[PDB]
Amino acid sequence: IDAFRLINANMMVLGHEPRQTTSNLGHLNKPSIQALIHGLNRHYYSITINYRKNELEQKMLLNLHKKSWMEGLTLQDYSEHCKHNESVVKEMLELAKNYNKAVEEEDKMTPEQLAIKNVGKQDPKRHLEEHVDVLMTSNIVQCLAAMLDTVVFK
Amino acid sequence: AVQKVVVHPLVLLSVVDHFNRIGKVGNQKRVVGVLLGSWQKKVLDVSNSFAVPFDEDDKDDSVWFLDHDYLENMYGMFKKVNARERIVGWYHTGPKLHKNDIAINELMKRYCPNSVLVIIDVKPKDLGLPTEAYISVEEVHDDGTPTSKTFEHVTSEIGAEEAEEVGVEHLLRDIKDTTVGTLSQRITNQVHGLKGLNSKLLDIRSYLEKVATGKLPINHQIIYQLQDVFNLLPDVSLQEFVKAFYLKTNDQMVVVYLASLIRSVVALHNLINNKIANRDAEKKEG
Amino acid sequence: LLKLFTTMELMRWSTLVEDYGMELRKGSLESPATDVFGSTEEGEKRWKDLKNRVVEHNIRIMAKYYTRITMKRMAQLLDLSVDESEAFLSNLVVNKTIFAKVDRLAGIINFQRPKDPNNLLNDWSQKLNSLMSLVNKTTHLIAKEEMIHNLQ
Amino acid sequence: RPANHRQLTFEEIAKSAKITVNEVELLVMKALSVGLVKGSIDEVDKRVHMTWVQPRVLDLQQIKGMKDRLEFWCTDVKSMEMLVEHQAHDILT
Amino acid sequence: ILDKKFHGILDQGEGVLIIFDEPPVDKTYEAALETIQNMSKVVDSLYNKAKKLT
Amino acid sequence: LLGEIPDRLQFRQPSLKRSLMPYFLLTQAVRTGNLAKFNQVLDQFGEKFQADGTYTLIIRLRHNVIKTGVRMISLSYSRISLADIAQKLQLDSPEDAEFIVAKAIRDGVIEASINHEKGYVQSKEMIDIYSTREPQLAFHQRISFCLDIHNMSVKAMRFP
Amino acid sequence: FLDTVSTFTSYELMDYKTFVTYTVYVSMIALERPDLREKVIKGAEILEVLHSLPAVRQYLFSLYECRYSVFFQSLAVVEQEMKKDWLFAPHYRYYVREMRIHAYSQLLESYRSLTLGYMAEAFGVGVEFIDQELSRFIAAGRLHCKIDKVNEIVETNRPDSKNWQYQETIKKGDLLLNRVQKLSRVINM
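Residues numbered from 1 in each chain as written, not as in the entry; some residues may be left out. Chains lettered and ligands numbered in written order. Part of a larger assembly, values for the part shown. Heavy atoms only, no water.

Method of determination, as given in the entry header: cryo-EM; reported resolution: 3.6 Å.

Okay, structure coming up:
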């Protein structure tokens, strides 16, 4: 948000330093970087910015962005997921099964080579297990398959 | 026609602050303003909006005011600062639409060829999706109505923009239960049942209400039509709709064996690493 | 000729003769009927090709509006032999532009229920069946909205 | 007929319409050509399958059946949704 | 029939041949080749088990 | 005493053959439909039974043996005569083949229908209420067990 | 044993001909027919040396000819040698029923209206032996086809691809879950 305030040059005979409610200055020095901001603490002293929010506005922005990311009438996209679960999912299920064969026959080399090299030293090379993400996609498969009974019946 | 309209958060907050503008006069005033956007495609885009003077009294309740000159000079300002931006329509507060809510569009059809409206709600008691949008078409009837000029809704949502993402997603800081995965959708899974229920409650209330009042309202065309559409598609048959359930068994099958095989192995491998680093640091510590 | 077009409106080749046999003699032009019937080898070719086109004209809605059909009704709706019917559906199934199974040892044959053990018979039936209701939902919502705010 | 077990055979057509056997197929394919029926035909039993009915003007018993069956659907949807919500509510939390 | 050129079944008292087919058997490969390898996974982990025990 | 039975010597030891083989011959007798092999083993190793304190097998295991035999032969023959299966399973009489197969239906083993005029027991086959119901119940057990593996794995991993 | 071309006359290949006998005595089990004719019948380098011995070519052209009575003659010779031969000692028993079911498959595939009245003349004798053998092999969860008593009917189930679909997955998950039970409870004492 970043706001500023200009200082004069006539009042450098006098001081510049009453700074009431000291917390604001020590808060100003933390959001902060540079050599040139450090060179522009002269001619500039900032000022704290804060935020007050209408609970009406907060709650209707919550309406918008926790309700309107769900879509209209709210059944519509979940029944569309139910449309996915019998026509499109089996193709990415084939992709999942091919990944969970091909990645697996080389990630069974991994505890072998853990026993081989050392007790757990530095990163040897490229690949990893990465199975957890593919399993989470399979969890998406099962949850939207659970959606089928709920939506389709009644 | 229109595919759907894409409303951004800035215009909705630009309605809320407008209600805050005219909330001090209080007495009898709805919120009415002018919509700005961009005709992108069959889909519609909305970027900005602003105010308009408007009032409406009690006796002979067809008294309504749209300043053309305000529109002229302030659209000159907004066109002067942004030439990408131009008019697309208007809006108002929308508790619902009343009878006088056609004359605004019938004024400013000479500005936008399809002057689209937006109905919002400043009071978020709506557990549905706000920012309703209509569009006026004609549907001239079998009964020989001369011209029925009726607003019809085209669907709407809240869209995204990179800077307004920074804005909104910083202005919340409030609630995040999602951990997006198997459970970012279950809150909305309660919502889809409950918000079919609210709409159906409006349906049964309307059906009971048409018999009592409206004198014989009952919708006269689109009651029997869309009611028989309802009465033509609740498929509860039992010949092979039972036989979708070995495909349901197949849906269960893949995830069962993926979970049962790989989940246990990964957690076991992590147990291996934990107990190796447990006992081999235990023999060095103690 | 336009009655020949829309939804087949079931047409009979003998009635086609009864309404079309005047083109060889009457009227004033007769020259496309000279291109049909004048050259007698082209006359024969267009006799048999008119036969082929009327049986092809049969077979479209014979596929559309028959989950099954009997072989005898095929015989009495093509006005030709059972074996000529089998030959027409044989080369129009090696055409495979109409799926068929002319099970002739009982006459009960079936059209356009191709195999269907698959997902789709429940899948897309069920899901169009539900989501057409879901998309008509909002339309009758705004329809009732309009007709309550027309008069209230 | 209440639109559930409604696959009609040749007999009641030839009884109502009082036309002979080999004309009911013309009779149904005429309506299929027009589009005031959206069904299909088997002919081992001459069962003309019904996946269609005409939207008809709402009468008093139609008013009552509308409200009653609409409530019948509504309370079932509500009663099952409440059980889903309460069964998986505390894991939403 | 024997050369898999054809999917039929014969009759002797009737002389009737009948054609029928059901192609997809992807589930068997789909899960079995996972499980056959995960056998070797756990057999690889046997050594780490014997190392942590003794 | 169930009806499903594993091969026991999957954990056989070189210090075990003495104490497995009569008992393995017993389960060898049970894993066929015969009962004349079964009845000899009681009089054979009843002293072994006196040692092992397991007399209760012999009063009721004949029931499971004949259920296994009738299950096997009912899966074999589509349409069987009672006056053949009875003498094939030494029942000595055809009239209680009605009784034994009638409680192979009453006890829920077999579905097979009988004309009790000619004495033939025809059996039919079906699927797909299998596939609608049967596997998913087992998968529920499999995943309840593997998620319990996951639960115990994490809650014993978290000591460091 | 696919190669049989550059398999040097060795000490363990103490006869290249014995290598040929082994590679036919396992290829008559392994695949059904989608390379079987092409390798051992349409091939030539194997064909000359199987043309050398009579007994090798005997069972090949028998089973490919489906001579349903000389099968156990050929199998009697090969099996009595299989008794007195090493590295088949826990193996020859399941071998025989394997050949039996592999012949019964290609028999029962063509016909659905067949019975013991077709067996007695084209297969051999002892109708009760056919009865008990097919009874045990069908009730062994193998080669699904249903047999009738004195009405003299052996009917087949035309697809056997409903539960074999479901089969091997549960049959491997059993052993893998039984593995991970004990081996996961090995840690933490």
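A. Expanded view of the overall build of chain C. Per the secondary structure count, chain C includes six helices and three strands. Of the regular secondary structure in chain C, the N- to C-terminal order runs α-α-α-β-α-α-β-β-α. Over its C-alpha trace chain C gives a radius of gyration of 24 Å, far above what one expects of a compact globule, namely 15 Å for 152 residues. For the C-alpha atoms alone, the extent of chain C along its principal axes is close to 75 × 50 × 25 Å. Each of the 152 residues in chain C was classed as buried or not, and the buried ones make up 33%. Taking as baseline every contact in chain C between residues at least 6 positions apart, the subset at least 24 positions apart corresponds to 47%. As displayed, chain C offers around 9400 Å² of accessible surface, 58% of which is attributable to carbon and sulfur atoms. Computing the positive centroid from 22 side-chain charges and the negative centroid from 20, chain C places the two 6 Å apart. (Helix = DSSP H or I, 4+ residues; strand = E, 2+ residues; numbered from the N terminus. Rg over C-alpha atoms; globule rule 2.2 N^0.38 Å. Buried < 20%, exposed > 50% of the residue type's maximum accessible area, 1.4 Å probe, protein only. Contact = heavy atoms within 4.5 Å. Areas by Shrake-Rupley, 256 points an atom, 1.4 Å probe, with all protein chains shown as cover. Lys, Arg positive; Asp, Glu negative; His and termini not counted. Charge placed at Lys NZ, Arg CZ, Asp CG, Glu CD.)

B. Representation of the arrangement of the chains. Taking contact number as the criterion, the leading pair out of 13 pairs of chains in contact is chains A and B. The closest approach of any C-alpha atom in chain A to one in chain F is 13 Å; the two make no contact.

C. Structural context of the side chain of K67(D). Inspection of the secondary structure puts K67(D) in helix α3 (residues 60-87). For the buried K67(D), no salt bridge exists, and the shortest N-O distance to an oppositely charged side chain is 5.7 Å, to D68(D). (Salt bridge = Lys/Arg side-chain N within 4 Å of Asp/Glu carboxyl O.)

D. Seen up close, the pairing of strand β1 (residues 145-148) of chain G. The alternating pattern of β1(G) places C145(G) and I147(G) and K146(G) and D148(G) on opposite faces, both of which are buried. Bridge analysis of strand β1 (residues 77-81) of chain F against β1(G) gives two bridges, and the strand direction is parallel. Looking at the pairing, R79(F) lines up with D148(G) of β1(G). Bridge count for β1(G) against strand β2 (residues 154-156) of chain G is three bridges, and the pairing is antiparallel. Each residue of the ladder has a partner; that of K146(G), found in β2(G), is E155(G). Here β1(G) folds back onto β2(G), and the loop between the two strands holds five residues, one of which, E152(G), carries a positive phi near 65°. (Pairing = 2+ DSSP bridges.)

E. Structural context of a nonpolar patch on the surface. Taken together, the side chains of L120(C), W124(C), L128(C), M132(C) and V135(C) present a nonpolar region at the surface, about 450 Å² in accessible area. Its location among the elements puts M132(C) in helix α6 (residues 120-148). (Patch = residues over 30% accessible without salt bridge, like charges linked within 9 Å, V, L, I, M, F, W, Y side chains within 5 Å.)

F. Spatial organisation of the packing of aromatic side chains. In the structure shown here, the tally under the stated rule is 16 aromatic pairs over all chains. Here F241(B) and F245(B) contribute two aromatic rings whose centre-to-centre distance is 6.2 Å and whose plane-to-plane angle is 50°, an arrangement assigned as tilted. Judged by centre distance (5.3 Å) and plane angle (75°), the rings of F1(G) and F19(G) are edge-to-face. With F1(G) in the segment before α1 (16-30) and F19(G) in helix α1, this pair connects stretches of sequence that are 18 residues apart. (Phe/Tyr/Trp six-rings, centres within 6.5 Å; stacked < 30°, edge-to-face > 60°.)

G. View of the UniProt feature "domain: MPN" in chain B. With numbering aligned to this structure, UniProt lists the feature "domain: MPN" at residues 5-140 of chain B. From the first C-alpha to the last, residues 5-140 of chain B spans 25 Å; its make-up is 24% helix and 21% strand. (UniProt positions renumbered as here; feature names shortened; annotations may be inferred.)

H. Focus on the interface of chain B and chain A. Each side of the interface is counted separately: chain B has 44 residues, and chain A has 44 residues. Across the chain B/chain A interface, buried area totals approximately 4200 Å², and carbon plus sulfur atoms make up 68% of it. Of all residues in chain B, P124(B), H192(B) and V255(B) bury the most surface against chain A, accounting for 14% of the area lost on that side. Along the contact surface separating chain B from chain A lie zero salt bridges. When residues of the side of chain B that touches chain A are traced back to their parent elements, those giving at least two are α1 (9-21), β7 (156-158), α4 (162-171), α5 (186-212) and α7 (245-285) of chain B. With 14 residues, α7(B) is the single largest residue contributor to the side of chain B that touches chain A. (Buried area = accessible area lost by both parts, 1.4 Å probe.)

I. Inspection of the packing of α7(B) against helix α9 (residues 163-184) of chain G at higher detail. It is at 12 Å that the axes of α7(B) and α9(G) come closest, and there the two elements cross at 25°. Between α7(B) and α9(G), the crossing angle belongs to the class labelled roughly parallel. The chirality of how α7(B) crosses α9(G) is left-handed. Within the contact between the two elements, α7(B) uses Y246(B), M253(B), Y257(B), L261(B) and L268(B) and α9(G) uses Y166(G), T169(G), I170(G), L176(G) and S184(G). Considered class by class, the residues forming the contact of α7(B) with α9(G) number eight nonpolar, two polar and no charged. (Axes fitted to C-alpha atoms, helices over the stretch in contact; angles between N-to-C directions. Parallel < 35°, antiparallel > 145°, perpendicular 65-115°, else oblique. Left-handed = near helix turned anticlockwise from the far one by under 90°. Nonpolar A, V, L, I, M, F, W, Y, C, P; charged D, E, K, R; others polar.)

J. The arrangement of the nonpolar core in detail. With 59 residues, the main nonpolar core has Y25(G) and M28(G) as its most contacted residues. At seven residues, helix α6 (residues 92-108) of chain G tops the list of elements feeding residues into this core. Beyond its immediate chain neighbours, meaning those up to four positions away, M28(G) contacts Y59(G), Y95(G), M99(G) and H102(G). Core analysis: the next-biggest nonpolar cluster, separate from the first, contains 34 residues, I59(C), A63(C), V37(D) and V48(D) among them. (Core = buried A, V, L, I, M, F, W, Y, C linked by side-chain atoms within 4.5 Å.)

K. Region of the structure containing the interface of chain D and chain B. On the side of chain B, 21 residues touch chain D, which itself brings 24 residues to the contact. Counting each side, the surface lost to burial between chain D and chain B is near 2000 Å², with a carbon and sulfur contribution of 75%. Scanning the region where chain D abuts chain B turns up zero salt bridges. Counting across the chain D and chain B interface gives one residue pair in polar contact. (Polar contact = N/O pair within 3.5 Å; in protein donor to acceptor, adjacent residues only side chain to side chain.)

L. Seen up close, the packing of helix α3 (residues 55-67) of chain A against α1(B). Where α3(A) contacts α1(B), the axes come no closer than 12 Å and their chain directions differ by 150°. One way to sum up the angle between α3(A) and α1(B) is to call them roughly antiparallel. Read as a crossing pair, α3(A) and α1(B) show a hand that is right-handed. Mapping the contact onto sequence places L56(A), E57(A), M60(A), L64(A) and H65(A) in α3(A) and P9(B), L12(B), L13(B) and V16(B) in α1(B). Taken together, the residues that form the contact of α3(A) with α1(B) break down as seven nonpolar, one polar and one charged.

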